[PDB]
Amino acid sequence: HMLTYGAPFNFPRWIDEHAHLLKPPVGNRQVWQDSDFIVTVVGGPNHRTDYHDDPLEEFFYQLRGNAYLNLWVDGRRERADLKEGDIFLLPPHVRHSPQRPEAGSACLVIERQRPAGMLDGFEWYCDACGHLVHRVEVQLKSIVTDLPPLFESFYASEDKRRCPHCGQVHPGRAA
């Protein structure tokens, strides 16, 4: 039947043409709408303090510039570098916090639409003792409608930010 997502098109020129969105305050841009594969380009700079718990895999291809992922691997904080040219496949539920220090960077990220009932988690961890400070689970439909208010409500709440283990109040927006 129909090429529902349109014809093939030149990706570098698309990234060039959307450079103004691959920077603060927007930072990323989904390529196709209403598809099963969620295909996004993510730019920079953006730093962030949440860890994502994705119930499905995520594919990364760092096309331009460098970035890295703060991870929880086997109970310990680790870093996975996404150097320019690198590809990477993240297994389900590995906690990850992408850090994207460079302007002009661009990373292809491919994920799957989550089926009804399969929820995403977003988590913050205590800088002092490492315990989990706060988790929100969300039926994720769009990283535009369902996600910013989630982060904003954490920054706005000393209670949400308060470590249950040691009482230290997480800093909120910037580490």
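Residue positions are given as counts along the sequence shown, with the first one as 1. Here the rigid core means the biggest group of C-alpha atoms that line up within 1.5 Å when the two forms are laid on top of each other.
Taken in 4 other deposited structures of this protein and fitted on the core, 139 to 147 and 58 to 66 differ in how far their Cα atoms move from the shown form, and the one that moves more is 139 to 147. Fitting each structure in 4 other deposited structures of this protein onto the rigid core and averaging C-alpha distances over structures and residues, 23 to 31 emerges as the more displaced of 23 to 31 and 106 to 114.
Mean C-alpha B-factor is higher over 75 to 83 than over the other stretch, the pair under comparison being 97 to 105 and 75 to 83. For the pair 25 to 33 and 49 to 57, the record assigns the higher mean C-alpha temperature factor to 25 to 33.
Of the candidates 140, 116, 42, 110, the one whose C-alpha carries the top B factor in the deposited record is 116.
Annotation for 67, 38, 126, 147: 147 ranks highest, by Cα B-factor.
Residue 8 sits in the lowest third of its chain by CA B factor, as recorded in the PDB entry.
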